[PDB]
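Participant: Residue numbers (UniProt numbering), protein chains in the order written: chain A, 16 to 240; chain B, 8 to 245; chain C, 30 to 123, 126 to 259; chain D, 17 to 233; chain E, 1007 to 1508. Mind looking over this structure? Questions follow.
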Amino acid sequence: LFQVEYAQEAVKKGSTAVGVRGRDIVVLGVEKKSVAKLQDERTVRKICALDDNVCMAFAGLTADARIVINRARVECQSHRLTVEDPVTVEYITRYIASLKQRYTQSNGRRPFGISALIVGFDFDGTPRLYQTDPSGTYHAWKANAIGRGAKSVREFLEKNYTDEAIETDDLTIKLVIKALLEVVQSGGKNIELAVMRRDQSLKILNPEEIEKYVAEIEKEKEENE
Amino acid sequence: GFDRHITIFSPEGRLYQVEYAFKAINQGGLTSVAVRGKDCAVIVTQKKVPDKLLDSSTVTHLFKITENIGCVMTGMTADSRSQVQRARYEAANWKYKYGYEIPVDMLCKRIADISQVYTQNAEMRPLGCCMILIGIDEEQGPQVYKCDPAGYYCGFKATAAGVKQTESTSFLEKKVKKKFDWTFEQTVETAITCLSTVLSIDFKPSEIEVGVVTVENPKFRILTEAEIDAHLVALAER
Amino acid sequence: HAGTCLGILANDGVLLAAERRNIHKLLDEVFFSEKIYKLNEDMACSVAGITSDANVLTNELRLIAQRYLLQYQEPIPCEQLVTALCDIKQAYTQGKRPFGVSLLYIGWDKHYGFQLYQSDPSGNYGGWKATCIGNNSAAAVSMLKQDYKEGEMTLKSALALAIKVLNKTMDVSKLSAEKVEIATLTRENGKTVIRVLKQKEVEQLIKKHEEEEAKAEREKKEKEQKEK
Amino acid sequence: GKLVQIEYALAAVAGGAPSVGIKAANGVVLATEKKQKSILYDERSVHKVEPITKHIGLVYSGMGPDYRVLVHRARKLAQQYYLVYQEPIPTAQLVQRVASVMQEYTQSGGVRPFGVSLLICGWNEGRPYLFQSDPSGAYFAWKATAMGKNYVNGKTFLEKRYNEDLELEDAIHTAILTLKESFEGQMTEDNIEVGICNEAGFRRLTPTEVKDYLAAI
Amino acid sequence: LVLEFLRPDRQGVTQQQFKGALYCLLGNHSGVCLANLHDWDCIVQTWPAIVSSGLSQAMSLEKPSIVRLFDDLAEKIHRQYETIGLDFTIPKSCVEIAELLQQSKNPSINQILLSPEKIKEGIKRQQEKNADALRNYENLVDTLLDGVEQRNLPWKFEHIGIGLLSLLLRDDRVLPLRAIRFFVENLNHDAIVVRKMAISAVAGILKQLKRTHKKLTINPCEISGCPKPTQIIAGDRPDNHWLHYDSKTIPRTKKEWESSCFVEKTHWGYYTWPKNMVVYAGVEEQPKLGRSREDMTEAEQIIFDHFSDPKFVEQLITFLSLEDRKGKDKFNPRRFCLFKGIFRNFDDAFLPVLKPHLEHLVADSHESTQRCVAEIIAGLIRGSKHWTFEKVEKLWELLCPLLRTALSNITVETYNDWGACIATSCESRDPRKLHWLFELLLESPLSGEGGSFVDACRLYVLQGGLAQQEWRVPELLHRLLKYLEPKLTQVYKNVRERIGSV
Ligand SMILES: O=P(O)(O)O[C@H]1[C@@H](OP(=O)(O)O)[C@@H](OP(=O)(O)O)[C@@H](OP(=O)(O)O)[C@@H](OP(=O)(O)O)[C@H]1OP(=O)(O)O
């Protein structure tokens, strides 16, 4: 419980990330923090594909996130083996949450220190979004945010999320951009987008690919005035 | 404060628990003397009994690890018996594995390894007993070896363990400063004289227990009250 | 910070520069010569730590790589190797005895080409175009951020840059081939070549830096005179 | 902090008797004081110097029981290697493994670190070798060192007297000089333990030849 | 003698003797420094020798003990240095008291009175003493320069010598010309350590060069025209009304700007007016601005020329923009005080040269550029106070676009730095003088075009500025409250927090 507070503060410090649920699509956005002059941006992902049909975004300690991600990947494959079916997003969420409340081998920071957004498509095909907490409580959402400034984003998501917004899949993507744009002031390359696009594997957006979407909403922002 | 309560290094690097075990050996309250000769080695120690009812026979600080090896223990009695038991076990294990009787030095070495384990590990307190061993080695003849709780083991021309070990050792050093190659009777007289001087008791034969080994008779033997009295009376008329 | 290590990425290759130093005169230094440790044919590392810590870490790494080789009969990727070590050092964090050293890794992977990696003691790792570790790592990275051009590097220019930043950073007070250890990873005839620079080549590079410093000193004195 | 115990162990080492090592061109010497508390103590019985293998021997400054533990482990490790590879263990490899066990003990909780430093010498590949393995688990390679009491004083005396090229006899001499500095006095064959590593193999110098070397001074 | 052991020219000493002499120079933690003696004769011997010991040839910098020794010398000298002498002239009263003290005859022996010739000899000796001290100061400066640049020296010793030169900043007298040229030349130097050291040094130099500004005296009751009764109550008053900010009262013309008081310090006038007031006399009375470059003596001249150098300005700007650490960076008030001293001394000389660099810097989205340009912008604003109306008018015409783009491009990395910039610009200044900044910043903090977190950071820097203007802006606080009141119910959490703070 005391470690949980430190873990919750840690994820509060971490990079912002959001997820949205749409009828034939689910979108996941995480702000790409500046690294340095000389570092290479490849190694830092903040996004992971547990399976073909599941994607994840974490916020908090990177190493603990790595451990969690690996364990969940192997669990996803073992469940596919035993069950011959794609893993359910609720299931892998239950495992990742359940992994938090085993512990470290020493039991130090029994909560590993990440609250993560797990998004995927069910085998039947229904979209799903979930999150996890260091505590181990896990919920489902039409859309959510994590990390720094998530609360402010949730207010923006609360009003912006609508049947009209989700009616268009490309609009489903654009809403995520606006959410990040409120969170991050870079207004550009400092962002990472990933989309599942029902019945196909995760396709990370190109920097030009995100750029035109940003321009389109920037134009639509222009159009309102 | 957590340095004296367990076996860990002081700031100066000293193991206070081991010092305390050395104190416990004197807390036991008995003295033992060992001396080596050209043809023999001997052990002497007092076995003063407080209670009349308590059987004189059963109480003795001399034990037999093996037929050719005899030992004496000081300090805490229970720890002494445990150490004796383990020495017996190691000797038999040695014989079974290697086909020949363990030498006294190797036995002392093993026992010191065991005491080392306790002083190294915090869970176990150091075994508060000190063992002196006598045996005849074919190459080196008689031998005397002594293992402390700390794990230091060394051979001795003669030695003492007990509350008066210091004055005993001063006496033995004065004795061996002269060459004084001692036969059996001379070794016995030397040992009893050291103990009688250092304790100032002038023992009766029942008061003390004596064990020896000889090149002629390697078998470890405990001298009876009568032979002890013979040696003492030969001493007194001298 | 007993030791310092340095690493730079080039388009054609990678090099590690480490300060071969003797704390005391009596140290043989034949044993401590090998600042660079070859994990495998396609990777190397330099350690910011004592030789013992280095030996144990290097053994764990080599074991991992050889296990991957046993399974797949292909040389291990640099990221995967570094990641295995990072996972271990993390798990020590989760024991209460975290790995107390940071490592450079240099390698060539067919997937990503030439690469340079840094491992933090916390277990986190990152890819760097160029970086230093150990003593004066901060000054080292400052000079690198000054004097490095992304995409403009070649092995020769990078090597001279290494000599320069070493002259400023490391406390030799005079460059000597005995006092510095350089090694380069290069791809030749479709094979990974890890070659320690010979003492003669290092002396030549040192001399080039020395004469260049002299030529710079002439220019500054001239311009300063012209100002007044 | 666990490091505190390491520092205290190094202090316990520093309290230990003097031990000296010099690396000649053709041989390595290992020497130490074995000053006896009393004449009653028998010098022949116990040797601070002990061989791990035919070509390797070592000497300690610090706690003798810890030394007995470590020498036992080292002997078993060298024999393990010899069984696997049917060649003698390299000195560096042995030093590494011994460091591994020292580091293992100090790392383990509920047990104290070893209170000894070891000087490890050997001859292999037609070459001399010398190492010092500390309680922390660190090992270093030197041409010469001292340990125990006045170890810094011995080190500087070695630094002034050392030459890159010296014969085994001259290194024996300078070792004995180094100990003669620290020693209380009345140095003799019994009070001092010597061993050398060479092409012949490690051997503990008998009292007769040690008397010869002492008489040379 | 102790310096002889580590003398560079000497040979055959030893590594050991060198180390021992360094230990002697280091001394114990408490007691005689032995390298930082207050005596001018001792320091001239020691410090040059310390820096010159780099090329001694008896020094193994590889030695960790040796390098730690030199670092300990440096840290101990830096901490324990005190200002050293340069004047020992007793005033006339104290010698009168001493004359009485000799006269007291109860516990006294009747020593002969000090003769007038002796008293003349004493003042002669004291004058010679302080002159010799000044000589030693200049000689030590030249010598340490020679040490730091002799081309056989290691970098650590170079850094140490530059620090020692940093100590010699004097405040009685300007630094020697060669040394000033050395420091200003080192502003663009490869080592970051040396660069920061040079920055602090030259800012101190710029304060030394600063010409005194004449201050006239006003009556606060008179300028206000109020009665100013006795037993005044603190706070807003009739007399403080001219001090209070008002939109109508902004000058907006050269004549009114000349007319305005511009007290330039907030705290005056809340509780009670002082006995004598000082209001920064008219620009004609103040030192000249727009100097010909013939006026400057020699020390201002070298700084002027280096900064006129565009290659120099570019190299320095690029070095400042370089990141030292990621996420741990801050406003760097020493860099700020440097830039303020520059602009204040030289009166808008180099804003033309810097304008390309500023226009480039604000355009960059990187954090460190924004940090540097913020420090520069606020240093410029603070230097602007003594500038004339036309100069400041041109300056604000320059600044307003830069600031608009900066605030539009504020971000998570840069918000703290830009708030520090706005606060430091706003601090210790009359509000009417800085009306441009307020009119700009308050134009639309809750714009929402940029979105949330940027509306918040705008409100944050705003709050910083208004905090700096305590009790002199009842107007514009009423305006902020009016603008703010509608938006209470249309807002997200971060903005709500900053709204509460403001
Ligand atoms: O009266 P001075 O000693 O000459 O100093 C004042 C004053 O400093 P004081 O408050 O100590 O009098 C100001 O405020 P500070 O910031 O120095 O506290 C000002 O500085 P700002 O421009 O930052 O308000 C500036 O001091 P400086 O000359 O050190 O920059 C100014 O000096 P002038 O009156 O000579 O202009």
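Think of the CB as a built atom: it goes at the ideal place given N, C-alpha and C, for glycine as much as any other residue.
Within 8 Å of any Cβ in chain C, is that where the Cβ of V1180(E) sits?
Facilitator: By one-based count along the fifth sequence, residue 1180(E) stands at place 174. No - not a single Cβ of chain C is within 8 Å of the one on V1180(E).
Participant: Along chain C, which residues have their Cβ under 9 Å away from the Cβ of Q120(A)?
Facilitator: In the first sequence, counting from the first residue as 1, residue 120(A) sits at position 105. Per Cβ cutoff of 9 Å: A120, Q123, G126.
Participant: In angstroms with no decimal places, state the Cα-to-Cα distance between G131(D) and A31(C).
Facilitator: Counted from its first residue, the fourth sequence places residue 131(D) at position 115. Counted from its first residue, the third sequence places residue 31(C) at position 2. Approximately 24 Å between the Cα atoms of the pair.
Participant: Any contact of the region 166 to 173 of chain A with the region 112 to 124 of chain A, i.e. 3+ C-beta pairs under 8 Å?
Facilitator: Verdict: no, contact absent.
Participant: Report whether the distance from the Cβ of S1434(E) to the nearest heavy atom of ligand 1 is below 7 Å.
Facilitator: Taking the fifth sequence and counting its residues from 1, one reaches residue 1434(E) at position 428. Yes; taking the cut-off as 7 Å, the Cβ of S1434(E) has a heavy atom of ligand 1 nearer than that.
Participant: Round the Cβ separation of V42(A) and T187(A) to the nearest angstrom and send it over; I've been treating them as touching at under 8 Å.
Facilitator: By one-based count along the first sequence, residue 42(A) stands at place 27. By one-based count along the first sequence, residue 187(A) stands at place 172. Confirmed, about 6 Å.
Participant: Does the Cβ of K234(A) have 16 or more other Cβ atoms within 10 Å, making it buried, or fewer, making it exposed?
Facilitator: As a working mapping, residue 234(A) is identified with position 219 in the first sequence. Per the 10 Å Cβ criterion, exposed.
Participant: Going by CA-CA distance only, name the one from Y179(C), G154(C), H53(C), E89(C) that's closest to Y66(C).
Facilitator: Reading the third sequence from its first residue, position 37 is the one you call residue 66(C). With distances taken between Cα atoms, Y66(C) lies closest to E89(C).
Participant: Please confirm whether any heavy atom of ligand 1 lies closer than 7 Å to the CB of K176(C).
Facilitator: Here residue 176(C) refers to the residue found at position 145 when the third sequence is read from its first residue. The answer is no for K176(C).
Participant: Are the beta-carbon atoms of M113(B) and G35(B) separated by less than 8 Å?
Facilitator: In the second sequence, residue 113(B) corresponds to position 106, counting from 1. In the second sequence, residue 35(B) corresponds to position 28, counting from 1. Going by C-beta atoms, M113(B) is not nearer than 8 Å to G35(B).
Participant: Taking 7 Å as the cut-off, does the CB of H1219(E) come closer than this to any heavy atom belonging to ligand 1?
Facilitator: Taking the fifth sequence and counting its residues from 1, one reaches residue 1219(E) at position 213. Checking every heavy atom of ligand 1 against the Cβ of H1219(E), one is found closer than 7 Å.
Participant: Count the CB pairs spanning the region 105 to 114 of chain C and the region 195 to 208 of chain C that are closer than 8 Å, and state whether there are at least three.
Facilitator: As far as the Cβ criterion goes, the region 105 to 114 of chain C does not touch the region 195 to 208 of chain C, which means the pair count is below three.
Participant: According to DSSP, is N128(B) helix, strand or coil?
Facilitator: In the second sequence, residue 128(B) corresponds to position 121, counting from 1. Looking at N128(B) - three-state DSSP - the assignment turns out to be strand.
Participant: Measure the CB-CB distance between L1175(E) and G1347(E) and report whether it falls below 8 Å.
Facilitator: Locating residue 1175(E) in the fifth sequence gives position 169, counting from the first residue. Locating residue 1347(E) in the fifth sequence gives position 341, counting from the first residue. For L1175(E) and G1347(E), no; Cβs fall outside 8 Å.
Participant: In angstroms, rounded to a whole number, what distance separates the CA positions of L216(C) and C115(C)?
Facilitator: Translated into positions along the third sequence, residue 216(C) becomes position 185. Translated into positions along the third sequence, residue 115(C) becomes position 86. Taking the straight line joining both Cα atoms gives about 23 Å.
Participant: Less than 7 Å between the CB of residue 1521(E) and some heavy atom of ligand 1, yes or no?
Facilitator: The shown model of chain E, from 1007 to 1508, leaves out residue 1521(E), and the question about it has no answer.
Participant: Excluding the five sequence neighbours on either side, which residues of its own chain have a C-beta within less than 7 Å of the C-beta of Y23(B), listed in chain order?
Facilitator: Your numbering for residue 23(B) matches position 16 in the second sequence. Answer for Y23(B): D10, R11, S17, listed in chain order.
Participant: Can we say the region 39 to 54 of chain B touches the region 160 to 173 of chain B, given the rule of at least three CB pairs closer than 8 Å?
Facilitator: Yes: the two stretches touch, three or more of their Cβ pairs being nearer than 8 Å.
Participant: For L60(B) and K54(B), what's the separation of their Cα atoms in angstroms?
Facilitator: The residue you call residue 60(B) lines up with position 53 of the second sequence. The residue you call residue 54(B) lines up with position 47 of the second sequence. Roughly 15 Å between the two C-alpha positions.
Participant: Interface residues of chain E around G164(A) at Cβ under 7 Å?
Facilitator: Sequence index remark: in the first sequence, residue 164(A) carries index 149 (1-based). Correct list: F1459, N1500.
Participant: Going by C-alpha distance, which of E145(B), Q123(B), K211(B) is nearest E234(B)?
Facilitator: Position 227 of the second sequence holds residue 234(B). The residue with the shortest Cα to Cα distance from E234(B) is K211(B).
Participant: Enumerate in chain order the residues of its own chain whose CB-to-CB distance from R1187(E) is below 6 Å, with the five nearest sequence positions on each side excluded.
Facilitator: Here residue 1187(E) corresponds to residue number 181 of the fifth sequence, with the count starting at 1. Answer for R1187(E): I1308, listed in chain order.
Participant: Does any C-beta atom of chain A lie closer than 8 Å to the C-beta of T1324(E)?
Facilitator: For this step, residue 1324(E) is matched to residue 318 along the fifth sequence. By this cut-off, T1324(E) is not an interface position.
Participant: Assuming contact is defined by CB atoms lying nearer than 8 Å, are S203(B) and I139(B) in contact in what I supplied?
Facilitator: Within the second sequence, residue 203(B) is the residue found at index 196, counting from 1. Within the second sequence, residue 139(B) is the residue found at index 132, counting from 1. Result no, Cβ atoms of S203(B) and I139(B) do not sit closer than 8 Å.
Participant: Using a Cβ cut-off of 8 Å, which residues of the region 1192 to 1208 of chain E contact any Cβ in chain C, in chain order?
Facilitator: Those residues of the region 1192 to 1208 of chain E that come within reach of chain C (Cβ to Cβ, closer than 8 Å) are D1196, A1197, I1198, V1199.
Participant: Going by DSSP, what residues sit across from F145(C) in a beta bridge?
Facilitator: Along the third sequence, one-based indexing puts residue 145(C) at 114. According to DSSP, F145(C) bridges with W139(C).
Participant: Which residues, in chain order, does the region 142 to 160 of chain D contribute to contact with chain C at a C-beta distance below 7 Å?
Facilitator: The region 142 to 160 of chain D vs chain C, Cβ under 7 Å: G153, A154, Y155, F156, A157, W158, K159, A160.
Participant: Compute the Euclidean distance between the alpha carbons of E1300(E) and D1354(E), then round it to the nearest angstrom.
Facilitator: Along the fifth sequence, read from residue 1 onward, the residue named residue 1300(E) stands at position 294. Along the fifth sequence, read from residue 1 onward, the residue named residue 1354(E) stands at position 348. Roughly 17 Å between the two C-alpha positions.
Participant: Identify the continuous alpha helix (DSSP H) that holds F1313(E) and give its terminal residues.
Facilitator: As a working note, residue 1313(E) is residue 307 in the fifth sequence. Per DSSP, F1313(E) belongs to the alpha helix (DSSP H) from 1305 to 1314.
Participant: How would you call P1492(E), buried or exposed, if buried means at least 16 neighbouring beta carbons within 10 angstroms?
Facilitator: Indexing the fifth sequence from 1 puts residue 1492(E) at position 486. Exposed, because fewer than 16 other Cβ atoms sit within 10 Å of the Cβ of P1492(E).
Participant: Quick one: what's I208(D) bridged to in DSSP?
Facilitator: Reading the fourth sequence from its first residue, position 192 is the one you call residue 208(D). Answer by DSSP bridge pairing, in chain order: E49(D).
Participant: Residues in the region 180 to 207 of chain C with C-beta within 7 Å of chain E's C-beta atoms, listed in sequence order?
Facilitator: Of all residues in the region 180 to 207 of chain C, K199, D202, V203, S204 have a Cβ within less than 7 Å of some Cβ in chain E.
Participant: Let me see if you follow: with CB-CB separation under 8 Å, is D58(D) close to chain B or not?
Facilitator: Along the fourth sequence, read from residue 1 onward, the residue named residue 58(D) stands at position 42. So, interface residue.
Participant: Any Cβ of chain F within less than 8 Å of the Cβ of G164(D)?
Facilitator: Among the chains of the structure shown, chain F does not appear; the protein chains present are A, B, C, D and E.
Participant: Distance check for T200(B) and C78(B), CA to CA, integer angstroms please.
Facilitator: Along the second sequence, one-based indexing puts residue 78(B) at 71. Along the second sequence, one-based indexing puts residue 200(B) at 193. Answer to the nearest angstrom: the Cα atoms are 20 Å apart.
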